[PDB]
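Read through the structure below, which is laid out as structure tokens, and then see the notes.
Because the Cβ atoms are built from the backbone with ideal geometry, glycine has one as well, and the counts that use them run over all protein chains shown. No lab work stands behind these numbers, since they all come straight from the coordinates.
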Amino acid sequence: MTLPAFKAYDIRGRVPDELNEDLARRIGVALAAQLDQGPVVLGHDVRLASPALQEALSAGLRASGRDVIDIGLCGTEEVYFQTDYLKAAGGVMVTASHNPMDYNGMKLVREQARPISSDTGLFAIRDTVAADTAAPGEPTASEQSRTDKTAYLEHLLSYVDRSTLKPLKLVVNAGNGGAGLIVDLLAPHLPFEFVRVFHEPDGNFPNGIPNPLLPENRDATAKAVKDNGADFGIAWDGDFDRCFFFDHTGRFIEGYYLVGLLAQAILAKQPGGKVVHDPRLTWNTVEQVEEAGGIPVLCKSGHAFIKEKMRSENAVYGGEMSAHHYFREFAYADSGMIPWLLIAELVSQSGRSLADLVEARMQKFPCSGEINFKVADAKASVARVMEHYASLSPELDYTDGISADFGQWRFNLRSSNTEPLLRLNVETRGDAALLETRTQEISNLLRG
Ligand SMILES: [Mg+2]
């Protein structure tokens, strides 16, 4: 077999059997062999084991003659930003993201923060690590501490016109991850009144692991919004490359609708731009992009696909329904900070509440959200669905899984390549009843 910690887009594993200091050091040696010339940026999240894993990575890199730029405790997006800004050969973020206490991981990038993924160097690194029985060498290169965040903060602030911002009251919930540090550094330069929830970085996670998708964690943000009369609420995962929105009623906003909303915000700044989107849920995004004067560009779902498509198209923005938002000016990388700044500016400038903005689109394009189905046989399950609907002659698209467009409703079905699991998304043209009946019908077919 192979080292299980090496996944499609990153390294994720239980410490210490799937990921540990020796493996981290070997990853550093292997990465040094995979990159073009130059220094390597390292950062880490709040997990208790992250600093030691970073130090082991640093040791391997420096034994291989790589200068290391240690940006310290940070969010994943800061490694992306600094790798590109400092014209480094590459970068690694040590993070467990939203995973349990006994897990950690790494996200690896090369020049311009371009992703290193399974088929673009990550499995090459795996195989090198797997065969590496050499004793650790000693450092032949330096480590420099560079914790200044000024360039990163200035970049974030460049997305909004501060003179147009209103003193919105915003709940912010770092979930005891790292987001609060950035909020606090931005705050003196913004007019917002922040209501801080679970704010202090704490890798023991007294309030639960940082994952706003869990209803219990969701409710802490919702309650704070409602109890404080906030304009809206924002929560992040631990490494803050995903953000999650709550309107003034406390309602958690489905991520699909943020793609169209952020496209509107960006296209006001970059008229006529292209916007890349994924194939799961599409109709609202296409309409909002076109009405804002942009050009929507369909792309397969997945980190590397979206970024590569954006690069090839000079797209200003790319978004997935699953809370990943990518920005051309940000080295084509994802940020959990840029999106809420843009939304706060949109609310400030338009006089419309986030709730009103979202509700209107929800009524036009109701969606199921992504529903997962563990199945005995993915191929047989997809076949039951296709067979059932064949007589209706839907328009089919195989860009990513199977999309079927029936006119007034559509679905996308994607199959996992790591386990037998199907993922379903359904939307309709303004018809909640049709949404429910078709969703339940497909659910029955997938299960039976
Ligand atoms: Mg994350």
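So how strong a dipole does the chain carry about its Cα centre when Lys and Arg Cβ are +1 and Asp and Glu Cβ are -1, to the nearest 20 debye? Mind showing how you got there, number by number?
On the way: 44 positive and 60 negative charges, 91 e Å.
Using only the charged Cβ atoms, the result is roughly 440 debye.
A crude spin-label estimate for the pair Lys364 and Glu154, with each label 7 Å from Cα along the Cβ direction, gives 3.9 nm.
Here the label points at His388 and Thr2, each 7 Å from Cα along the C-beta direction, are separated by 3.5 nm in the simple model.
When each of the peptides 349-358, 67-76, 138-147 is scored by how many other beta carbons lie within 10 Å of its residues on average, the order from highest to lowest is 67-76, 349-358, 138-147.
222 nm [θ] for the chain, helices only, -39500 (n - 2.57) per DSSP H run of 4+, per residue, to 500? Provide the component values of the computation, followed by the final result.
Values: 14 runs with 162 residues, N = 448.
My calculation for the chain gives -11000 deg cm²/dmol from helical runs alone.
Ranking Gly121, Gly13, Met101 by how far each Cα lies toward the positive end of the dipole of the range 1-147 (charges on Cβ) leaves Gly121 at the top. Rounded to the nearest 10 degrees, the angle from helix 338-350 to the longest Cα principal axis of the chain is 40 degrees.
Run the numbers on the range 346-441 and let me know its relative contact order in percent, using alpha-carbon pairs under 8 Å that are six or more apart.
Values: 126 pairs, mean separation 31.1, N = 96.
With pairs under 8 Å counted, the relative contact order is 32 percent.
DSSP beta bridges fully contained in the chain are about 60 percent antiparallel.
Determine, for each peptide in 257-264, 33-40, the mean count of other beta carbons within 10 angstrom over its residues, then list the peptides with the highest first. Show your work: numbers first, answer last.
Working: 257-264: 25.1, 33-40: 16.5.
Packing order, densest peptide first, comes out as 257-264, 33-40.
Comparing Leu213, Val276, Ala88 along the charge dipole axis of the chain, the residue lying farthest to the positive side is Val276, per the Cβ-charge model.
Take the Cα of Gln440, step 7 Å toward its Cβ, do the same at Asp227, and the gap between the two points is 3.7 nm. Between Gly180, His388, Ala224, the Cα set farthest toward the positive side of the dipole of the chain (charges on each charged residue's Cβ, about the Cα centre) is that of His388.
Between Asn417 and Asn207, what is 0.36 nm times their sequence separation minus the Cα-Cα distance? Round to one decimal in nm.
Values: separation 210, 0.36 × 210 = 75.60 nm, distance 3.34 nm.
Taking 0.36 nm per residue and subtracting the Cα distance, the gain is 72.3 nm.
Highest mean packing comes first when the peptides 274-281, 248-255 are listed by Cβ atoms within 10 Å, giving 274-281, 248-255.
Separation of the range 25-43 from the range 284-316 is 31 Å, based on Cα centroids. The distance linking the range 161-223 with the range 370-416 is 38 Å (Cα centroid to Cα centroid, whole angstrom).
Relative contact order for the range 247-365: what is it in percent, counting Cα pairs under 8 Å that are at least 6 residues apart? Worked out over the range 247-365, it gives 29 percent.
How high is the relative contact order of the range 9-123? Use alpha-carbon pairs under 8 Å, at least six apart in sequence, and give a whole percent. Intermediate results must be reported in sequence, preceding the final value.
Details: 240 pairs, mean separation 38.9, N = 115.
Across the range 9-123, relative contact order equals 34 percent.
Checked against a 27 Å cut-off, the cross-linked pairs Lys7/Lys379; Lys166/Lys226; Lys269/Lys364; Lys300/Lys374; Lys226/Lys300; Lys107/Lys169 give Cα-Cα distances beyond that limit for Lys226/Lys300; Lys107/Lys169. Taken one residue at a time, the phi angles of the range 93-105 give Karplus couplings (6.51, -1.76, 1.60, θ = phi - 60°) of 9, 8, 7, 9, 6, 10, 7, x, 4, 8, 10, 8, x Hz. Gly and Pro are set to x.
Determine the dipole magnitude for the range 169-246: charges of +1 sit on the beta-carbon of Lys and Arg, -1 on that of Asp and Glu, nothing else is charged, the reference point is the Cα centre, and the result goes in debye to the nearest 20. Intermediate results must be reported in sequence, preceding the final value.
Numbers: 6 positive and 11 negative charges, 44 e Å.
The dipole magnitude comes to about 220 debye.
Only the Cβ atoms of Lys and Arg (+1) and of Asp and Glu (-1) were treated as charged; on that basis the dipole of the range 1-147 about its Cα centre amounts to roughly 160 debye. Each residue of the chain gets 138 Å³ once the volume of the Cα convex hull is shared out per residue.
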